[PDB]
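Read through the structure below, which is laid out as structure tokens, and then see the notes.
Cβ: placed from backbone, ideal geometry, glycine included. Neighbour counts: every protein chain shown. Where a number appears in this text, it was derived from the coordinates with a stated rule and is not lab data.
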Amino acid sequence: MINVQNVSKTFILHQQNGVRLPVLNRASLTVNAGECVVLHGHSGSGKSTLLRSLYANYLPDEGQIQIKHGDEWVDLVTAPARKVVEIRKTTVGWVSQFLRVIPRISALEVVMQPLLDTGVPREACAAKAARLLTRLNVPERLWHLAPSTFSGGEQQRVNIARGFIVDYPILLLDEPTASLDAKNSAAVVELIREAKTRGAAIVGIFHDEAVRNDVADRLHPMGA
Amino acid sequence: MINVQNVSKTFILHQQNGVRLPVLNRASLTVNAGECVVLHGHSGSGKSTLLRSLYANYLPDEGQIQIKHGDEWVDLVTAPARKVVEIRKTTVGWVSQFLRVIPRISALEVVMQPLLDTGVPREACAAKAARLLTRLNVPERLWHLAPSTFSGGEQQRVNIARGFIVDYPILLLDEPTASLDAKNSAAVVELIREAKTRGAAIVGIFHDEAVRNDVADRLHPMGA
Amino acid sequence: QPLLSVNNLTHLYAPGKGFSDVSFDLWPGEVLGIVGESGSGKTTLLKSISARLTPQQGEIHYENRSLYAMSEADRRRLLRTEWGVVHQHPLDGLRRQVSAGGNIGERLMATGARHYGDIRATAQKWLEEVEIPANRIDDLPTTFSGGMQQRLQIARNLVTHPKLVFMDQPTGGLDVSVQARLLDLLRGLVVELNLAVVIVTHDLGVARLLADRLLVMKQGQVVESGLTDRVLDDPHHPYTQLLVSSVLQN
Amino acid sequence: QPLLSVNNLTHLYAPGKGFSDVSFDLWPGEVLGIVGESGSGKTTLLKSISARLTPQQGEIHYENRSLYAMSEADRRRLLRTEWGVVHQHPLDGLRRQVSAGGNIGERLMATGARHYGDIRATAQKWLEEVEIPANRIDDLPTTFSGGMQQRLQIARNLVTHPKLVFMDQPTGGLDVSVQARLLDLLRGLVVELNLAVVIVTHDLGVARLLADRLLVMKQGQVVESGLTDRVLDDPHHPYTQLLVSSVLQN
Ligand SMILES: Nc1ncnc2c1ncn2[C@@H]1O[C@H](COP(=O)(O)OP(=O)(O)NP(=O)(O)O)[C@@H](O)[C@H]1O
Ligand SMILES: Nc1ncnc2c1ncn2[C@@H]1O[C@H](COP(=O)(O)OP(=O)(O)NP(=O)(O)O)[C@@H](O)[C@H]1O
Ligand SMILES: [Mg+2]
Ligand SMILES: [Mg+2]
């Protein structure tokens, strides 16, 4: 359950004459359990800005982004950093185009880690990571090697597996399937649909038409 | 004048069980002054590998990439590192999607530097850099600020200006116009055509159909 | 409740030299990175919060106990058993005339260890953890290289499984491979053992991969603070924007 | 003809400690970065080629003159006038009891400077070059921070406009902003003044932006060498591939 009310963000670039670059103006968005909302708009409409504000990666200047944490409601715009850290650890999951990981950790442990942080047993985490990698057709030979030594597509299948290792009540998807071929894309679509079925509030940004049509349950116009 | 004979390259990935990944097999390519050759092939055919071998960024295992330097002929596959460094400084220019620069140097000096390295007066270098930036419609306000503080498109217009600051007899173009809009793309096309007219041997990799048709004078099939 | 609390802490050698009006809370199982300009007072603040520099103003509370209101014996006990300190220069946190094994084992014996074989085995295990060969245990740190000495200091200050570790540029002098090893080790300690780390670093990549929260210091004042990725990707204070724009992209 | 030539140079404290069979040529106006594992012998090689460590085998020729066949007076003259040495720890290359102005001016006076005002002005100019405030010229290096001391050492070893500079991790202890300033300064010196630099670094980004050629050292032997970007993007030796795979991506 996501509740965005009057969130507005303008970047102040002090490095260049302190010019103001508005990217969000009184935006709002409501998301419910078992629903997928995809942000649609011309490039530069604030899609990325809003999505990462939902993940607290950006800080809107004004407004509220209230997300249910546990059985609570938390305004990420004013919550303490510890609150946001826990909300990410348990409540708000993120999938994107980039595997920011420690370089020398094997792929299986890169996928297991976010679940092991929650205290889940290591056997269950390993089994779920193996399952996710197999579904995303990641070769077994690459499970025990660092992602940095793989190709871009394999690194991204690993990042998607790491994103889906934990069953987050809220989920964010910044073009997960973009580069993937049709088979791997379809696998990610099936994973997203399963997340929706279990009751995951999914917010996504998709460029592919077929992926959006198959996944999106509602469209939010970010043009304004 | 470029002369590629029997160049073959296979990557050995010791980090992953030492698997071999062939990407070039007995490839050859002849380029003459005042000609543009574009590499065409399915993704993974060795286009990038060959282009960067032409720039000495990769080292083919076997074969020859003989380029005219001064009034000489130099096999980049066996030349000393100093030879390659000078060949890049004066003979073989490179344009790509990425501005690897020192962070805190203004855009005008990022564009001027490759020409100032050749001993050209600072007034001439500044004038030519200003001309190139104006042609690529880079705002005047951004000339005197570091590229890292700009957007991706402006950073790439600056990288293209830096690439074209020196009139290289050989030129390499790894998708310069890819992200650019139609106006800025057309400007880069005009610059490439002018380089061809002066007698520049251009080797390019292009994804856009219109750009390739307008620029390409010959097509090299990299599928094999 | 915070493992460490700092309120209005200030120490100035002279106007503008040091830190002033610094407050922050650190909990178990999280990392508070400190980044800033060379000369912003990061090291002075680290010394002050690590019981090595009495502040002129403000208070420091560790487990609800004022740090500098305690007896000197109690502070030394903290620094001897449950506090780790990693200096920027490894030799400052090492005994030059004592072997690496002795340097690691001093802390263990200070915590009650009295079995020579077990201390030796633990020292060798920690040397292998930081990838230092176990055959260098008897060699004095003067024979070690800068990175080797830094890793030896890290092992010395981590062998006791401390609850709070203050580090000043621990990655300095380390090749990227052993650097990644150290980052993984620190992450594992923080998550599994609930370790708390206050790390001063200039490599913003290490702060991104390790620090859970960040402080950005300039001319002796904290100019920006908050979530690490928010600060790095959504900086607000001019200095922070300069700082992240100066990063060398790989 | 090479400014510096190294042929079969070897210095070993013990089997595997040091460097062995090292040869390379350095010309004016280029940078030879050295990267490798902590413990590969980079510092030992730097000392040996900088006239600070007599080798057991091989020869070093500077302007066609064997380095260690010359008299000790000539080597000291080289290190005093036209050779710069930047140590990993700045205080090792600084006079603790001498102010920053004095530290910078020692080299200038060693080159014949005998005007106090001009020496002071040059020292202040170089302090501003490394962004150190000119009001800290009279302060002893002990009052400087690690980055401040490192920049002071760099200015001290660059004030004389030397022809060859051996640096050991000059970027260590430097925030990314002053690091970029230093990189630009070194590039400008190398290109305009034809300066030659042998730099040992672990930040592969700095080697990418600065080094024209690279050496990759492991267990005391050079394992891979060639063009910097070719080595980084097209590594061949297993160690190099590990090393560049361990880089923290920003
Ligand atoms: N013992 C001292 N006596 C007088 N002034 C000092 C002393 N130590 C530091 N100063 C100053 O105090 C300021 C901050 O010191 P310090 O905390 O060590 O800086 P820093 O931020 O850690 N720099 P760096 O190590 O490069 O990241 C600097 O201007 C120092 O020059
Ligand atoms: N004085 C010494 N006596 C005996 N052995 C030494 C001595 N100095 C170095 N060794 C060893 O010589 C090897 C290489 O030394 P050194 O050249 O300083 O390494 P390095 O590559 O510079 N490491 P780092 O500073 O981390 O990048 C190391 O195993 C050192 O432990
Ligand atoms: Mg410091
Ligand atoms: Mg060293």
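Quick notes
- Residue in the stretch C:33-41 that is touching a residue at least 60 places away in the same chain (Cβ under 8 Å), under 22 Å from C:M70 (Cα atoms) and not in a strand (DSSP E or B) present: no
- C:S20 closer than 30 Å to C:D229 by Cα and more than 16 Å from ligand 2 (Cβ to nearest atom): yes
- Among the residues examined, D:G33 does not qualify as under 18 Å from the mean Cα position of the chain (by Cα), among the small types (G, A, S) and away from ligand 2 (no atom under 15 Å from the Cβ).
- C:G18 of a type outside the set (K, R) and in contact with a helix residue (DSSP H, G or I) (Cβ under 8 Å, 6 or more places away or on another chain): yes
- If you go through the stretch D:165-175 and keep only what is within 15 Å of ligand 3 (Cβ to nearest atom) and either surrounded by fewer than 24 Cβ atoms within 10 Å (Cβ to Cβ) or not hydrophobic (A, V, I, L, M, F, W, C) (or both), you end up with D:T171, D:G172, D:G173, D:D175.
- Annotation: of all residues in the stretch C:56-96 being closer than 19 Å to D:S145 by Cα, within 14 Å of another protein chain (Cβ to nearest Cβ) and more than 16 Å from ligand 4 (Cβ to nearest atom), the one that is farthest from the chain's Cα centre (by Cα) is C:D92.
- Any hit, the stretch C:107-123, residues being exposed (fewer than 14 other Cβ atoms within 10 Å of the Cβ), away from ligand 3 (no atom under 16 Å from the Cβ) and within 14 Å of chain D (Cβ to nearest Cβ): no
- Residue within the stretch D:168-175 that is under 17 Å from the mean Cα position of the chain (by Cα), aliphatic (A, V, I, L, M) and facing chain C (nearest Cβ under 9 Å) present: yes
- The listed residues are D:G226, D:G220, D:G188, and the only one of them that is surrounded by fewer than 23 Cβ atoms within 10 Å (Cβ to Cβ), at positive phi and more than 14 Å from the chain's Cα centre (by Cα) turns out to be D:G226.
A quick yes/no check of all residues on (1) away from ligand 2 (no atom under 11 Å from the Cβ); (2) away from chain D (no Cβ under 14 Å):
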{"position": "C:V130", "(1), (2)": "yes, no"}
{"position": "C:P133", "(1), (2)": "no, no"}
{"position": "C:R136", "(1), (2)": "no, no"}
{"position": "C:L140", "(1), (2)": "no, no"}
{"position": "C:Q153", "(1), (2)": "yes, no"}
{"position": "C:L158", "(1), (2)": "yes, yes"}
{"position": "C:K163", "(1), (2)": "yes, yes"}
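- Among the residues examined, B:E86 qualifies as of a type in the set (D, E) and either over 16 Å from the mean Cα position of the chain (by Cα) or within 14 Å of another protein chain (Cβ to nearest Cβ) (or both).
- Residue in the stretch C:93-100 that is touching a residue at least 60 places away in the same chain (Cβ under 8 Å) and out of contact with any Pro (no Cβ under 8 Å at 6 or more places or on another chain) present: yes
- Boolean, C:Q97 is polar (S, T, N, Q) and either buried (at least 21 other Cβ atoms within 10 Å of the Cβ) or in a helix (DSSP H, G or I) (or both): no
- Residues that are more than 19 Å from A:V4 (Cβ to Cβ) and either among the aromatic types (F, W, Y) or in contact with a strand residue (DSSP E or B) (Cβ under 9 Å, 6 or more places away or on another chain) (or both), drawn from the stretch A:189-210: A:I192, A:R193, A:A195, A:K196
- Filter result for the condition that a residue is within 13 Å of chain C (Cβ to nearest Cβ) and under 19 Å from B:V101 (Cα atoms), over D:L242, D:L227, D:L186, D:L209: D:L209
- Selected residue (only one of A:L29, A:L13 is under 15 Å from C:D233 (Cβ atoms) and either more than 14 Å from chain C (Cβ to nearest Cβ) or not small (G, A, S) (or both)): A:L13
- One residue stands out among those in the stretch C:229-250 that are of a type in the set (V, I, T) and out of contact with any strand residue (DSSP E or B) (no Cβ under 9 Å at 6 or more places or on another chain): the one that is surrounded by the most Cβ atoms within 10 Å (Cβ to Cβ), which is C:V244.
- Among the residues of the stretch D:43-50, some residue qualifies, meaning at least one is closer than 17 Å to D:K218 by Cβ, of a type in the set (S, T, Y) and in contact with a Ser or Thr (Cβ under 7 Å, 6 or more places away or on another chain).
- Residues (within 16 Å of ligand 3 (Cβ to nearest atom) and within 20 Å of D:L78 (Cα to Cα)) located in the stretch D:144-164: D:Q153
- Selection within the stretch B:35-68: residues that are within 14 Å of chain D (Cβ to nearest Cβ) and part of a loop (DSSP other than H, G, I, E, B). The member of this set that is farthest from the chain's Cα centre (by Cα) is B:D61.
- Picking from residues in the stretch C:131-159 that are among the β-branched types (V, I, T) and surrounded by fewer than 23 Cβ atoms within 10 Å (Cβ to Cβ), the one that is farthest from ligand 4 (Cβ to nearest atom) is C:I137.
- Residue in the stretch C:40-55 that is over 17 Å from the mean Cα position of the chain (by Cα), within 16 Å of ligand 3 (Cβ to nearest atom) and among the β-branched types (V, I, T) present: no
- When residues of the stretch C:45-60 are limited to those that are outside any loop (DSSP other than H, G, I, E, B) and touching a residue at least 40 places away in the same chain (Cβ under 8 Å), the one surrounded by the fewest Cβ atoms within 10 Å (Cβ to Cβ): C:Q57
- Among the residues of the stretch A:93-102, some residue qualifies, meaning at least one is away from chain C (no Cβ under 14 Å) and of a type in the set (A, V, I, L, M, F, W, C).
- Take the conditions (1) within 27 Å of B:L180 (Cα to Cα); (2) more than 19 Å from the chain's Cα centre (by Cα); (3) away from chain D (no Cβ under 14 Å); (4) of a type in the set (D, E); B:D71 misses just one of them, which is (1).
- Selection over the stretch D:189-203 of residues that are within 18 Å of B:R104 (Cα to Cα) and within 14 Å of chain C (Cβ to nearest Cβ) gives a count of 1.
- In the stretch A:114-142, residue nearest to the chain's Cα centre (by Cα) [restricted to those that are under 20 Å from B:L13 (Cβ atoms) and away from chain B (no Cβ under 11 Å)]: A:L133
- Residues of the stretch D:61-86 satisfying the condition of being in contact with a strand residue (DSSP E or B) (Cβ under 7 Å, 6 or more places away or on another chain) and either loosely packed, with under 14 Cβ neighbours inside 10 Å or in a strand (DSSP E or B) (or both): D:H61, D:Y62, D:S66, D:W83, D:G84, D:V85, D:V86
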